[PDB]
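The file upload.csv contains CSV, C-alpha atoms:
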```
chain,number,residue,atom,x,y,z
P,6,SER,CA,83.0,-2.4,-118.2
P,7,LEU,CA,80.7,-0.3,-116.0
P,8,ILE,CA,78.5,-1.2,-113.1
P,9,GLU,CA,75.9,1.2,-111.5
P,10,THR,CA,77.1,1.8,-107.9
P,11,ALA,CA,75.3,3.1,-104.8
P,12,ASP,CA,77.6,2.2,-101.9
P,13,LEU,CA,80.9,4.0,-102.9
P,14,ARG,CA,81.7,7.4,-101.4
P,15,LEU,CA,84.2,10.3,-102.0
P,16,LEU,CA,84.8,12.3,-98.8
P,17,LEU,CA,86.2,15.8,-99.6
P,18,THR,CA,87.9,17.7,-96.8
P,19,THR,CA,90.5,20.4,-96.4
P,20,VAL,CA,93.5,20.8,-94.2
P,21,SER,CA,95.9,23.7,-93.7
P,22,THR,CA,99.3,22.1,-94.5
P,23,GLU,CA,100.8,19.5,-96.9
P,24,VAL,CA,102.6,17.8,-94.0
P,25,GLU,CA,99.2,17.2,-92.3
P,26,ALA,CA,97.7,16.0,-95.6
P,27,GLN,CA,100.4,13.5,-96.3
P,28,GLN,CA,100.2,12.1,-92.7
P,29,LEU,CA,96.3,11.9,-92.7
P,30,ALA,CA,96.3,10.1,-96.1
P,31,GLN,CA,98.9,7.5,-95.0
P,32,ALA,CA,97.3,6.7,-91.6
P,33,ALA,CA,93.8,6.6,-93.1
P,34,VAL,CA,94.9,4.0,-95.7
P,35,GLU,CA,96.9,2.2,-93.0
P,36,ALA,CA,93.8,2.0,-90.8
P,37,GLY,CA,91.6,0.6,-93.6
P,38,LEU,CA,89.3,3.7,-93.5
P,39,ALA,CA,90.0,4.6,-97.2
P,40,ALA,CA,91.4,2.6,-100.1
P,41,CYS,CA,93.1,5.7,-101.6
P,42,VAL,CA,93.4,9.4,-101.0
P,43,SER,CA,94.4,12.2,-103.3
P,44,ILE,CA,95.8,15.6,-102.3
P,45,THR,CA,95.4,18.8,-104.4
P,46,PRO,CA,96.7,22.3,-103.5
P,47,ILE,CA,93.8,24.9,-103.7
P,48,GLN,CA,93.3,28.6,-102.8
P,49,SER,CA,90.1,29.2,-100.9
P,50,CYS,CA,88.0,32.4,-100.4
P,51,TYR,CA,85.5,32.4,-97.5
P,52,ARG,CA,83.8,34.2,-94.8
P,53,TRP,CA,85.0,33.6,-91.2
P,56,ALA,CA,85.4,38.8,-92.6
P,57,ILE,CA,86.6,37.5,-96.0
P,58,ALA,CA,89.8,35.4,-95.8
P,59,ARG,CA,92.0,34.1,-98.7
P,60,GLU,CA,94.0,31.0,-97.7
P,61,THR,CA,96.1,28.3,-99.4
P,62,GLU,CA,95.1,24.8,-98.4
P,63,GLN,CA,95.1,21.1,-99.3
P,64,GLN,CA,92.0,19.5,-100.8
P,65,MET,CA,91.8,15.8,-99.9
P,66,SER,CA,89.6,13.3,-101.6
P,67,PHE,CA,89.1,10.0,-99.7
P,68,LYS,CA,87.8,7.0,-101.7
P,69,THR,CA,85.8,4.7,-99.4
P,70,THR,CA,82.4,2.9,-98.9
P,71,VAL,CA,79.3,3.9,-97.1
P,72,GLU,CA,80.3,1.2,-94.4
P,73,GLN,CA,83.5,3.0,-93.5
P,74,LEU,CA,82.4,6.7,-94.1
P,75,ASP,CA,81.1,7.6,-90.6
P,76,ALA,CA,84.2,6.1,-88.9
P,77,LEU,CA,86.5,7.9,-91.4
P,78,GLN,CA,84.9,11.2,-90.9
P,79,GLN,CA,85.1,11.0,-87.1
P,80,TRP,CA,88.8,9.8,-87.1
P,81,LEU,CA,89.7,12.7,-89.4
P,82,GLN,CA,88.2,15.2,-87.0
P,83,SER,CA,90.0,13.5,-84.0
P,84,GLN,CA,93.3,14.5,-85.8
P,85,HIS,CA,92.5,18.3,-85.8
P,86,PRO,CA,89.8,18.7,-83.1
P,87,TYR,CA,90.3,22.5,-82.9
P,88,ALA,CA,89.3,22.8,-86.6
P,89,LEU,CA,86.0,23.2,-88.4
P,90,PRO,CA,87.1,21.5,-91.7
P,91,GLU,CA,85.2,21.2,-95.0
P,92,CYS,CA,83.2,18.0,-95.1
P,93,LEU,CA,81.4,17.2,-98.3
P,94,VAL,CA,80.6,13.7,-99.5
P,95,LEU,CA,79.8,12.7,-103.1
P,96,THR,CA,78.3,9.3,-104.3
P,97,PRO,CA,79.6,8.1,-107.7
P,98,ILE,CA,76.8,6.6,-109.9
P,99,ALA,CA,79.2,4.2,-111.5
P,100,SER,CA,82.5,2.4,-111.5
P,101,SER,CA,84.3,-0.4,-113.2
P,102,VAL,CA,83.7,-3.9,-111.7
P,103,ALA,CA,87.4,-4.3,-111.1
P,104,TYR,CA,88.0,-0.9,-109.4
P,105,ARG,CA,84.9,-1.3,-107.2
P,106,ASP,CA,86.2,-4.7,-106.1
P,107,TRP,CA,89.7,-3.4,-105.3
P,108,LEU,CA,88.3,-0.6,-103.3
P,109,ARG,CA,86.0,-2.8,-101.2
P,110,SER,CA,88.9,-5.4,-100.7
P,111,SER,CA,91.2,-2.6,-99.4
P,112,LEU,CA,88.9,-1.8,-96.4
B,6,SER,CA,69.7,29.7,-117.2
B,7,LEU,CA,69.9,26.7,-115.0
B,8,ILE,CA,68.4,23.3,-115.9
B,9,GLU,CA,68.3,20.0,-114.0
B,10,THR,CA,70.3,17.2,-115.8
B,11,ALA,CA,70.4,13.5,-115.7
B,12,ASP,CA,72.3,12.5,-118.9
B,13,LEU,CA,75.7,14.2,-118.3
B,14,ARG,CA,78.7,12.3,-116.7
B,15,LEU,CA,82.1,13.0,-115.4
B,16,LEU,CA,84.5,10.0,-115.6
B,17,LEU,CA,87.4,10.3,-113.2
B,18,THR,CA,90.7,8.4,-113.5
B,19,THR,CA,94.4,9.0,-112.8
B,20,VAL,CA,97.6,8.5,-114.7
B,21,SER,CA,101.3,8.6,-113.8
B,22,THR,CA,102.7,11.6,-115.8
B,23,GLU,CA,101.6,14.8,-117.6
B,24,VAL,CA,102.5,13.4,-121.1
B,25,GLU,CA,100.3,10.3,-120.5
B,26,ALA,CA,97.4,12.5,-119.4
B,27,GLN,CA,97.8,14.9,-122.4
B,28,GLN,CA,97.9,12.1,-124.9
B,29,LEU,CA,94.9,10.3,-123.4
B,30,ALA,CA,92.9,13.5,-123.2
B,31,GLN,CA,93.6,14.5,-126.8
B,32,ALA,CA,92.8,11.0,-128.2
B,33,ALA,CA,89.5,10.8,-126.2
B,34,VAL,CA,88.4,14.1,-127.6
B,35,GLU,CA,89.5,13.2,-131.1
B,36,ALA,CA,87.6,9.9,-130.9
B,37,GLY,CA,84.4,11.9,-130.0
B,38,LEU,CA,84.2,10.1,-126.6
B,39,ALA,CA,84.5,13.2,-124.4
B,40,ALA,CA,83.7,16.8,-125.0
B,41,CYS,CA,86.5,18.0,-122.7
B,42,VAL,CA,89.1,16.7,-120.3
B,43,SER,CA,90.7,18.5,-117.4
B,44,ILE,CA,94.0,17.5,-115.9
B,45,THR,CA,95.1,18.4,-112.3
B,46,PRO,CA,98.5,17.4,-110.6
B,47,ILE,CA,97.9,15.5,-107.4
B,48,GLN,CA,99.6,13.3,-104.8
B,49,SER,CA,97.9,10.0,-104.1
B,50,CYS,CA,98.3,7.5,-101.3
B,51,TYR,CA,97.0,3.9,-101.6
B,52,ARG,CA,97.5,0.2,-100.8
B,53,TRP,CA,98.9,-1.7,-103.7
B,54,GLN,CA,101.2,-4.7,-103.9
B,55,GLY,CA,101.1,-5.3,-100.2
B,56,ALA,CA,102.4,-1.8,-99.2
B,57,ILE,CA,101.2,1.8,-98.7
B,58,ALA,CA,102.6,4.0,-101.6
B,59,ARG,CA,102.7,7.7,-101.9
B,60,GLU,CA,103.1,8.9,-105.5
B,61,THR,CA,102.6,12.0,-107.7
B,62,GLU,CA,99.9,11.5,-110.4
B,63,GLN,CA,97.6,13.4,-112.7
B,64,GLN,CA,93.9,13.6,-112.0
B,65,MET,CA,91.7,13.5,-115.1
B,66,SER,CA,88.1,14.4,-115.5
B,67,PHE,CA,86.4,13.4,-118.8
B,68,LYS,CA,83.2,15.3,-119.5
B,69,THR,CA,80.8,13.2,-121.5
B,70,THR,CA,77.2,12.0,-122.0
B,71,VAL,CA,75.5,8.7,-120.8
B,72,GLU,CA,75.3,7.7,-124.5
B,73,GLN,CA,79.1,7.8,-124.9
B,74,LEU,CA,80.1,6.7,-121.4
B,75,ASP,CA,80.3,2.9,-122.1
B,76,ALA,CA,82.3,3.5,-125.2
B,77,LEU,CA,84.7,5.9,-123.5
B,78,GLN,CA,85.3,3.4,-120.7
B,79,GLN,CA,85.9,0.5,-123.0
B,80,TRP,CA,88.3,2.7,-125.0
B,81,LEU,CA,90.0,3.9,-121.8
B,82,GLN,CA,90.6,0.4,-120.7
B,83,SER,CA,92.4,-0.6,-123.9
B,84,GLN,CA,94.4,2.7,-123.8
B,85,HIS,CA,95.2,3.3,-120.1
B,86,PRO,CA,98.8,2.9,-118.9
B,87,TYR,CA,97.7,1.3,-115.6
B,88,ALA,CA,96.4,-2.3,-115.3
B,89,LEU,CA,93.7,-1.4,-112.9
B,90,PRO,CA,92.7,2.2,-113.7
B,91,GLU,CA,90.7,4.4,-111.3
B,92,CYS,CA,87.2,4.6,-112.7
B,93,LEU,CA,84.7,6.6,-110.9
B,94,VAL,CA,81.7,8.3,-112.5
B,95,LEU,CA,79.9,11.4,-111.2
B,96,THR,CA,76.5,12.7,-112.3
B,97,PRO,CA,75.9,16.5,-112.3
B,98,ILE,CA,72.4,17.4,-111.1
B,99,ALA,CA,72.3,20.7,-113.1
B,100,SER,CA,73.9,22.7,-115.8
B,101,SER,CA,73.2,25.9,-117.8
B,102,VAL,CA,70.9,25.1,-120.9
B,103,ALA,CA,73.8,26.5,-123.0
B,104,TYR,CA,76.5,24.4,-121.5
B,105,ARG,CA,74.4,21.2,-121.5
B,106,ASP,CA,73.8,21.9,-125.2
B,107,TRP,CA,77.5,22.5,-125.9
B,108,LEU,CA,78.5,19.1,-124.3
B,109,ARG,CA,75.8,17.1,-126.2
B,110,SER,CA,76.6,18.9,-129.5
B,111,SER,CA,80.3,18.3,-129.2
B,112,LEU,CA,79.6,14.6,-129.3
B,113,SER,CA,76.7,14.7,-132.0
Z,3,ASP,CA,78.5,18.4,-84.5
Z,4,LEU,CA,82.1,18.3,-85.6
Z,5,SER,CA,82.2,14.5,-85.3
Z,6,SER,CA,78.7,13.7,-86.8
Z,7,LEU,CA,77.8,13.1,-90.5
Z,8,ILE,CA,74.4,13.9,-91.8
Z,9,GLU,CA,72.5,13.5,-95.0
Z,10,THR,CA,72.2,16.7,-97.0
Z,11,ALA,CA,69.9,17.6,-99.9
Z,12,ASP,CA,70.2,21.4,-99.8
Z,13,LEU,CA,74.0,21.8,-100.5
Z,14,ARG,CA,75.4,22.5,-104.0
Z,15,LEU,CA,78.8,22.7,-105.7
Z,16,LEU,CA,78.9,24.8,-108.8
Z,17,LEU,CA,81.9,24.1,-111.0
Z,18,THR,CA,83.2,26.5,-113.7
Z,19,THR,CA,86.6,27.5,-115.3
Z,20,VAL,CA,88.2,30.8,-116.1
Z,21,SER,CA,91.3,31.6,-118.0
Z,22,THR,CA,93.5,33.5,-115.4
Z,23,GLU,CA,94.2,33.4,-111.6
Z,24,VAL,CA,93.4,37.2,-111.4
Z,25,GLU,CA,89.9,36.5,-113.0
Z,26,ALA,CA,89.3,33.6,-110.6
Z,27,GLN,CA,90.3,35.5,-107.5
Z,28,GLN,CA,88.2,38.5,-108.5
Z,29,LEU,CA,85.2,36.3,-109.1
Z,30,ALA,CA,85.6,34.3,-105.9
Z,31,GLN,CA,85.9,37.4,-103.8
Z,32,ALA,CA,82.8,39.0,-105.3
Z,33,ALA,CA,80.7,35.9,-105.0
Z,34,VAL,CA,81.5,35.7,-101.3
Z,35,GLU,CA,81.0,39.5,-100.8
Z,36,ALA,CA,77.5,39.2,-102.4
Z,37,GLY,CA,76.4,36.3,-100.2
Z,38,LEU,CA,76.1,33.9,-103.2
Z,39,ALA,CA,78.7,31.4,-102.0
Z,40,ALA,CA,80.0,30.6,-98.5
Z,41,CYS,CA,83.4,29.4,-100.0
Z,42,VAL,CA,85.0,29.4,-103.4
Z,43,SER,CA,88.1,27.2,-104.2
Z,44,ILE,CA,90.4,27.7,-107.1
Z,45,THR,CA,92.8,25.1,-108.6
Z,46,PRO,CA,95.1,25.5,-111.7
Z,47,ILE,CA,94.3,23.0,-114.4
Z,48,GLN,CA,95.0,22.1,-118.1
Z,49,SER,CA,91.9,21.5,-120.2
Z,50,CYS,CA,91.5,19.8,-123.6
Z,51,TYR,CA,88.6,20.4,-125.9
Z,52,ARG,CA,87.9,21.0,-129.6
Z,53,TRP,CA,87.7,24.7,-130.6
Z,54,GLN,CA,87.2,25.9,-134.2
Z,55,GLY,CA,87.6,22.3,-135.3
Z,56,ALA,CA,91.1,21.8,-133.7
Z,57,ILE,CA,92.0,20.1,-130.4
Z,58,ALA,CA,93.1,22.9,-128.0
Z,59,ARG,CA,95.0,22.5,-124.7
Z,60,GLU,CA,94.8,25.5,-122.4
Z,61,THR,CA,95.8,26.4,-118.8
Z,62,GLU,CA,92.8,27.5,-116.8
Z,63,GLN,CA,91.6,27.9,-113.2
Z,64,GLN,CA,89.0,25.4,-112.0
Z,65,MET,CA,86.6,27.0,-109.6
Z,66,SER,CA,84.3,25.3,-107.1
Z,67,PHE,CA,81.5,27.4,-105.5
Z,68,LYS,CA,80.0,26.0,-102.3
Z,69,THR,CA,76.5,27.2,-101.8
Z,70,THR,CA,72.9,26.3,-101.1
Z,71,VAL,CA,70.1,25.4,-103.5
Z,72,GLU,CA,68.3,28.6,-102.3
Z,73,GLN,CA,71.2,30.7,-103.8
Z,74,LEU,CA,72.1,28.5,-106.7
Z,75,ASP,CA,69.9,30.3,-109.3
Z,76,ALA,CA,71.0,33.7,-108.2
Z,77,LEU,CA,74.7,32.5,-108.3
Z,78,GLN,CA,74.3,31.2,-111.8
Z,79,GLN,CA,72.5,34.2,-113.1
Z,80,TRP,CA,75.1,36.5,-111.5
Z,81,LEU,CA,77.9,34.3,-113.0
Z,82,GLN,CA,76.6,34.8,-116.5
Z,83,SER,CA,76.7,38.6,-116.1
Z,84,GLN,CA,80.2,38.5,-114.5
Z,85,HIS,CA,82.0,35.5,-116.3
Z,86,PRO,CA,84.7,36.5,-118.8
Z,87,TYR,CA,83.7,33.7,-121.3
Z,88,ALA,CA,80.7,33.9,-123.7
Z,89,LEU,CA,79.6,30.4,-122.8
Z,90,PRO,CA,81.0,29.4,-119.4
Z,91,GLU,CA,81.2,25.9,-118.1
Z,92,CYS,CA,78.5,25.2,-115.5
Z,93,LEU,CA,78.2,21.9,-113.8
Z,94,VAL,CA,76.5,21.5,-110.5
Z,95,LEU,CA,77.0,18.6,-108.1
Z,96,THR,CA,75.0,17.6,-105.0
Z,97,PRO,CA,76.9,16.5,-101.9
Z,98,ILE,CA,74.7,14.0,-100.2
Z,99,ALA,CA,76.4,14.3,-96.7
Z,100,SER,CA,78.4,16.7,-94.6
Z,101,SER,CA,79.2,17.3,-91.0
Z,102,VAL,CA,76.5,19.0,-88.9
Z,103,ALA,CA,79.1,21.8,-88.1
Z,104,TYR,CA,80.0,22.4,-91.8
Z,105,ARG,CA,76.4,22.4,-93.0
Z,106,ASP,CA,75.5,24.9,-90.3
Z,107,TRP,CA,78.5,27.1,-91.1
Z,108,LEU,CA,77.6,27.0,-94.8
Z,109,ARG,CA,73.9,27.9,-94.2
Z,110,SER,CA,74.7,30.6,-91.6
Z,111,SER,CA,77.2,32.3,-94.0
Z,112,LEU,CA,74.4,32.8,-96.6
```

Could you spell out this file's structure in structure tokens?
Amino acid sequence: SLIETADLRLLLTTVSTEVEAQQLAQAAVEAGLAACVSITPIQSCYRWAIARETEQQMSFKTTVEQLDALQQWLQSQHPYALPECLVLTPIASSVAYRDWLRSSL
Amino acid sequence: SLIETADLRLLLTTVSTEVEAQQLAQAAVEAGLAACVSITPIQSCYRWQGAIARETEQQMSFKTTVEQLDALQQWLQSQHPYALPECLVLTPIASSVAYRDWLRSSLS
Amino acid sequence: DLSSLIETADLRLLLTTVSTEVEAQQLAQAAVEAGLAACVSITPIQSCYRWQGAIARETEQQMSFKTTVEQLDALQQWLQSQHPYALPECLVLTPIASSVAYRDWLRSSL
């Protein structure tokens, strides 16, 4: 059952292509910067004038210990870009999932 | 109108296929454990069984109250196709008065 | 600023759903035009809920409005005048960190 959590983090960022998204996910998990990553296609509307672009939403599961390192490494992979960077803190998790995630880093 | 909230919860998990996701969503709602469930197709990448895997999955977001969360999670665990399901819980910090009321009422 | 994470308390994500892609695109455009959000993202989903006593499953568009707490009230009030549903979903999350560069872009856009 559930345990209240303060040290888990979800890092949400965007990249332009699926190819990049698949590569970033794999190398992030390979490097121990995230335990898992999801990729979701989205359409974004934003001011840059108003642009409408199709991109990939990435959600990286990680801990507060690995977060700063993860965010920097991601930016090193597209240093020209000014990507979305938003982090959420879950208030709870299962014991088992929390332990797997921490063990994977 | 907007109101600060502390008793709403979004439980996030993933399942393999669309059928699995539809069945689990319907049954949670029918059990009165979630007010609504959203399902989004995703690709995931993770370490499992000593390897890095890339797979297509369905992201699920169960909208519920703190009162039903422990029950929903115990139920999920008995019903989930994965041995170790993803289980992450987010807390909204605000809602409309009318939406907050709708969620709570759906589970009353 | 691109490489540095900072704690944020002033950023907000407002989540709602609408029925059609046309609706979503029209709302997202108008929110950015009016300075109420810096960025709006749209994602196709399926949602399951009880309606008129029966379990319904419907295709919808999930929207995520990225904004500040200074604009959040105005956004929500504006949404209620412009949303196609009688009782729209409205859940707001607080990101607790961002990059210096993204937070500044977001603030400067509003």

With a cut-off of 8 Å, could you pull out the residues of chain B touching chain Z and give me the nearest pair of atoms for each, distance in Å to one decimal, using only C-alpha atoms, ordered by chain and ascending number, as JSON lines?
```
{"residue": "B:6", "atom": "CA", "partner": "Z:79", "partner_atom": "CA", "distance": 6.7}
{"residue": "B:7", "atom": "CA", "partner": "Z:75", "partner_atom": "CA", "distance": 6.7}
{"residue": "B:30", "atom": "CA", "partner": "Z:50", "partner_atom": "CA", "distance": 6.5}
{"residue": "B:31", "atom": "CA", "partner": "Z:50", "partner_atom": "CA", "distance": 6.5}
{"residue": "B:34", "atom": "CA", "partner": "Z:51", "partner_atom": "CA", "distance": 6.5}
{"residue": "B:35", "atom": "CA", "partner": "Z:57", "partner_atom": "CA", "distance": 7.4}
{"residue": "B:40", "atom": "CA", "partner": "Z:51", "partner_atom": "CA", "distance": 6.1}
{"residue": "B:41", "atom": "CA", "partner": "Z:51", "partner_atom": "CA", "distance": 4.5}
{"residue": "B:42", "atom": "CA", "partner": "Z:50", "partner_atom": "CA", "distance": 5.1}
{"residue": "B:43", "atom": "CA", "partner": "Z:49", "partner_atom": "CA", "distance": 4.3}
{"residue": "B:44", "atom": "CA", "partner": "Z:48", "partner_atom": "CA", "distance": 5.2}
{"residue": "B:45", "atom": "CA", "partner": "Z:47", "partner_atom": "CA", "distance": 5.1}
{"residue": "B:46", "atom": "CA", "partner": "Z:47", "partner_atom": "CA", "distance": 8.0}
{"residue": "B:96", "atom": "CA", "partner": "Z:95", "partner_atom": "CA", "distance": 7.3}
{"residue": "B:97", "atom": "CA", "partner": "Z:95", "partner_atom": "CA", "distance": 4.8}
{"residue": "B:98", "atom": "CA", "partner": "Z:95", "partner_atom": "CA", "distance": 5.6}
{"residue": "B:99", "atom": "CA", "partner": "Z:94", "partner_atom": "CA", "distance": 5.0}
{"residue": "B:100", "atom": "CA", "partner": "Z:93", "partner_atom": "CA", "distance": 4.8}
{"residue": "B:101", "atom": "CA", "partner": "Z:92", "partner_atom": "CA", "distance": 5.8}
{"residue": "B:103", "atom": "CA", "partner": "Z:89", "partner_atom": "CA", "distance": 7.0}
{"residue": "B:104", "atom": "CA", "partner": "Z:91", "partner_atom": "CA", "distance": 6.0}
```

Hey, could you make a per-residue contact list for chain P against chain B with 8 Å as the cut-off, showing the nearest pair of atoms and its distance in Å to one decimal, counting all atoms listed in the file, sorted by chain and number, as a tab-separated table?
```
residue	atom	partner	partner_atom	distance
P:6	CA	B:79	CA	6.3
P:7	CA	B:75	CA	6.9
P:30	CA	B:50	CA	6.1
P:31	CA	B:50	CA	6.3
P:34	CA	B:51	CA	6.3
P:35	CA	B:57	CA	7.2
P:40	CA	B:51	CA	5.9
P:41	CA	B:51	CA	4.3
P:42	CA	B:50	CA	5.3
P:43	CA	B:49	CA	4.2
P:44	CA	B:48	CA	5.1
P:45	CA	B:47	CA	5.1
P:46	CA	B:47	CA	7.9
P:96	CA	B:95	CA	7.4
P:97	CA	B:95	CA	4.8
P:98	CA	B:94	CA	5.8
P:99	CA	B:94	CA	4.9
P:100	CA	B:93	CA	4.8
P:101	CA	B:92	CA	5.8
P:103	CA	B:89	CA	7.2
P:104	CA	B:91	CA	6.2
P:111	CA	B:52	CA	7.0
```

Would you mind telling me which residue in Z:21, Z:28, Z:63, Z:100 lies nearest to chain P when using all atoms listed in the file?
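Of the candidates, the smallest distance to chain P is held by Z:100.
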
Would you kindly report the residues of chain Z within 8 Å of chain P, using only C-alpha atoms, as a PyMOL selection string?
chain Z and resi 4-7+30-31+34-35+40-45+96-101+103-104+111

Computed gap from atom CA of residue P:12 to atom CA of residue B:38 is 26.8 Å

Could you check which of B:8, B:33, B:39, B:65 is closest to residue B:21, using all atoms listed in the file?
B:65

Taken to one decimal, the atom CA of residue P:32-atom CA of residue Z:13 distance is 29.2 Å

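Atom CA of residue B:63 to atom CA of residue B:11 spans 27.4 Å [interatomic distance, one decimal].
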